[PDB]
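Enquirer: experimental coordinates for this protein are included below, preceded by the sequence.
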2 protein chains.
Amino acid sequence: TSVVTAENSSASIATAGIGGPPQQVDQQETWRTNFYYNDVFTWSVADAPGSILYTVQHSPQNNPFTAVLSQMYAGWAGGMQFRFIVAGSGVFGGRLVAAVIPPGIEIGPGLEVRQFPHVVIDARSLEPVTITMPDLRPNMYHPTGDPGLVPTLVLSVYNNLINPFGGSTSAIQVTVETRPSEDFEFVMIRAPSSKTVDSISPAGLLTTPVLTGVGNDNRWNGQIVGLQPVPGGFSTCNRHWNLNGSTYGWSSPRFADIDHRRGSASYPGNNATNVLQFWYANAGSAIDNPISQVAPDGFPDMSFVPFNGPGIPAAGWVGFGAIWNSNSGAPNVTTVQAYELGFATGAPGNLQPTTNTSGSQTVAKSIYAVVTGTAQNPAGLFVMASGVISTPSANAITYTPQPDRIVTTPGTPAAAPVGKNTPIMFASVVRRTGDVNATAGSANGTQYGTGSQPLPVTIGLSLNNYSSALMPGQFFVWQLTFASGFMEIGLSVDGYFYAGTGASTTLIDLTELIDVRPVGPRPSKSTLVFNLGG
Amino acid sequence: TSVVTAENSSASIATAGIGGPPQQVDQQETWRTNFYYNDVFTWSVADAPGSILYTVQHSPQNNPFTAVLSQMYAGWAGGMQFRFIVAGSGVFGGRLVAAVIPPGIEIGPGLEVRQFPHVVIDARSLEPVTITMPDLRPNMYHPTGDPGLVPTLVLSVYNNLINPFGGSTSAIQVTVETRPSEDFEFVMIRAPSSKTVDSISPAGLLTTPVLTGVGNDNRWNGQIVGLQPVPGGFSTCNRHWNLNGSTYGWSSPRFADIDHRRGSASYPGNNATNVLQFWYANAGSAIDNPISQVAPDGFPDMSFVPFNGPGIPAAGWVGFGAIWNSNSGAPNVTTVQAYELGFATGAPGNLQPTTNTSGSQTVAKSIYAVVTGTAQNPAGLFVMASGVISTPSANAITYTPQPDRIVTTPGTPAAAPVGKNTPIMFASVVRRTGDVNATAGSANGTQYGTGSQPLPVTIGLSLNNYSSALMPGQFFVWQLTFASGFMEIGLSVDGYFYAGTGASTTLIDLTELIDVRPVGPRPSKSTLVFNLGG
């Protein structure tokens, strides 16, 4: 064996004695004499010479075993060693440059790595290329939590990636490995309860049983079994939290209850027998909801469809409800029915669907006959937030809702396909009024309801702040595993999920899915893979 | 480490003592023990065995750190070391030869590098091939500024590049690296204010914010946001400077004012109310302009379009102007209107557009009604050089001007596509009379006005002389960077800009552009790349 020391090892060990004697300094330990996986990144053919693919700062989170030792040590010093293992192919060509940028030099487009002291990494190289990162520091050690100025390691393109075949494969994965150098050390042992990295890197909020087991949608309390790409984009803001500690709308993520107190009621016809109860209140009159005034908590964020007579409306959002009077309200016994809720204009006359929340008014009209109908000005609804979809006959209409049917509040970040990546919409099997036995078997296709993000994602995203956990212009990429395929799934700053399906509207089943993995953040110029079982 | 000395190192150091003791001679310095980037060049498949790809003279500008040390030292001696890193591919084949030509042998087609002492560089080689250049000199050192006879290093084709796939990829980038040898030294320290290389190599005149920020066109004071290729060529000579210290035409590059003093005026109709003022003066009567007599400074260099009646003319060059009499002129109050300027023949009768400046006469006819119209023989215009384009309705006509509409003076160097490279025309968003709210959004496509070269290029090209900064038969190539692509952009001896788009007329947006880089000059047989996001 041969462990490479750094160029500054004599003064790295000596000045780090201000932390006491060096700790975990034993060169026969086999967490120090082996390279271990750190990161992976995509070098595509569309990258110019001089473009930066991989930047990382000198830190003990670069090695999986010095990041385990870092929670019991309040300080570190010494260099590190990096290995680069190109997947590549013998038909691929182009080089890379890896160099150690000193502190005080910022990393970006004007940085010219090719005139630093560097190493050259070919795309078709067998033996991996090793660079050594010295610990060039203006301090004597780096305290864990406020390490100060550290060297950066930058992987630029020396010669751009050429593929003589043409299209198809246009990306090469490069695997970074990390091993401590001879002069690495920890100092000043601390209790492990003290922590520095508190983001849940944003990796822990989506694990493997979220997609092949427990976990649900933002529109129904239904198990996620599909993900369906949509070209052009869509917008959802009800229970869709961004990476920061805020959201744009009502409906905190819990399927408990929708309860409103004020709102007038009416019914058509001169006879108060076997009619449809139709209830309205304007947007912005919900004083009881502490988040937003525009809608009560749990109101469905689609457009109301205009229907009349005894015909069942196509698609929508129906759920069993009740009508209660005010002044310490007892709900009326003879008014319990299915009610369809949404947004409309011009009640109770000509009803039109609405796209913007401002200038609208919330509606709730029954789809079934009720023997009694009230017309009192103080009235309210009592519906549960779990709902189904009403259809005239069983069949299979479409995935609901459409991207255009969803109402957005003013000031919502829209999903936009960047590159070949397109947004996705997590589907779930839901029951319908035309066929309550919507088991996933024969007798036509079952109905699918699509939402934006999973509910464990929303729950783990509500509490914590991720203002610096993911740099803008990137999305965090998981590595989903299937039986005969695998996908990369993004998560941008707006909370939306991305996939590299391109212009296709085919539902992909997470039936054979096994495991998801953390990788890190990857920028938007890198296309997520679509190597599936097709 | 192992630093290779030269074959003449014992007599290189000894005779360089006429400059005093050797300076910067310390072999542990890490600017001496590492290879650094010097140049890159394209070896395509269309290159014969014996053709020269890369020639460079022995000089301290070959290394980025001995070129920084050269401004504080008036003399150098000793060899150099060159490394060659082929991008290549395992499917590519063919060799190269690198040899050190002695002084007194000129470099060209009759030079036969294969029988010099040489090294062979394969297209598919992993480890880079190192040659050493000794300092074979008839002097004792080379003074910086007049170095005298130096050896040349010539990269010829040993076997021509073969690609078994066919077309697509037909070029391989080879990267030259440079490191000083053991006997390199500087002598006779000088003040750094003395300089030798004063060309702004012609690299510094176009930086990155010229294309993604400040910077403008030769026809309008508008921000450059497009570049549009044109097959067949075009000609522009108004504010288009060549690499030498001259230009062919009027209009020094500044959008200040166009002011003429002499020229007759006329108006149609027997009633002097609500008419169009039409003004003419011949070409060559502008005594006030010190550059050229044929047009006043700021006159638009297109052909006038013939229009009559109340109809708005299609395209053109309109700008708000005024008419003033002579003899210490006070401009007339009741004549301020939009005026369209250009070149026509046969005023004031049958007006025809003109292609040649000689045999023409400049015209200026209003497009809007003016309540007063004069007919006095001494009269002049007062228009500002910033202008818009007049259109009948909003829409999107075409990019203006067309290549055929531009008037050329006799003796103008025409842009001609050489190889697959074609000339480009930098577009800019300009306002129009049919739609003044031409923001780059919805409501049809905005109008684009195309010019030849940027205005910082013209300003940095006017003052200095580049008679030897760029050898003829080449163009200087920048490396433009985008988000998902990159281009090479040429600049030939006529000042025109080139790109490898081929026969395509698609506008390429510099919205995602990030940075431009210097590379050097590349000859016209090398095709500029077109690896874009498509």
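Expert: Good, I have the coordinates. Numbers count the residues shown, from 1 in each chain, chains lettered A, B, ... in the order given.
Enquirer: run through the residues that contact residue A:149.
Expert: For residue A:149, the contacting residues are A:103, A:104, A:137, A:138, A:139, by CB atoms under 8 Å, 6 or more residues apart in numbering or on different chains. Where C-beta positions appear, they are placed from N, C-alpha and C, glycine not excepted.
Enquirer: can you pick out the most distant pair from those residues?
Expert: Farthest apart among these by CB to CB are A:104 and A:139. That separation is 13.4 Å.
Enquirer: give me the more crowded residue out of those two.
Expert: A direct count of neighbours by other CB atoms under 10 Å in any protein chain shown for residue A:104 and residue A:139 places residue A:139 higher, at 17 against 8.
Enquirer: residues contacting the more buried one?
Expert: A:148, A:149.
Enquirer: any figure for the gap between it and residue A:181?
Expert: 18 Å (CB to CB, to the nearest Å).
Enquirer: got it, and residue A:257?
Expert: 60 Å.
Enquirer: residues of chain A that sit close to chain B?
Expert: Proximity of chain A to chain B, by CB under 8 Å from any CB of the partner chain, involves residues A:45-51, A:90-95, A:109-110, A:112, A:114-115, A:117-118, A:120, A:122, A:124-125, A:158-160, A:162-166, A:419, A:525.
Enquirer: quick one, which of the residues you listed are buried?
Expert: Buried members of the residues of chain A next to chain B, scored by 16 or more other CB atoms under 10 Å in any protein chain shown, are A:45-51, A:91-95, A:114-115, A:118, A:120, A:122, A:124-125, A:158-160, A:162-164, A:419, A:525.
Enquirer: now find how far off-centre the top strand by length along chain A is within its chain.
Expert: For chain A, the strand with the greatest residue count under DSSP state E is strand A:331-345. How far strand A:331-345 lies from its chain's middle: 35 Å, per CA atoms, centre = their mean, to the nearest Å.
Enquirer: what's the answer for stretch A:124-141, then?
Expert: Averaging C-alpha positions (CA atoms, centre = their mean) puts stretch A:124-141 33 Å from its chain's average.
Enquirer: quick one: terminal-to-terminal distance for that stretch?
Expert: Length of stretch A:124-141, first residue to last, CA to CA, to the nearest Å: 38 Å.
Enquirer: buried set for it?
Expert: For stretch A:124-141, the neighbour count (16+ other CB under 10 Å) marks A:124-125, A:128-129, A:131-137, A:139-141 as buried.
Enquirer: could you do stretch A:10-21 as well?
Expert: For stretch A:10-21, the neighbour count (16+ other CB under 10 Å) marks A:12, A:13, A:16, A:19 as buried.
Enquirer: which residues sit against it?
Expert: Residues from elsewhere that reach stretch A:10-21, judged by CB under 8 Å, 6+ apart: A:6, A:22, A:75, A:77-79, A:134-135, A:140-141, A:183, A:185, A:187-188.
Enquirer: same thing but at 10 Å, please
Expert: Residues from elsewhere that reach stretch A:10-21 (CB atoms under 10 Å, 6 or more residues apart in numbering or on different chains): A:5-6, A:8, A:22, A:25, A:73-79, A:134-137, A:139-143, A:181-189.
Enquirer: which of the residues you listed fall in strands?
Expert: Judged by DSSP E, strands contain the following of these: A:76, A:77, A:185, A:186.
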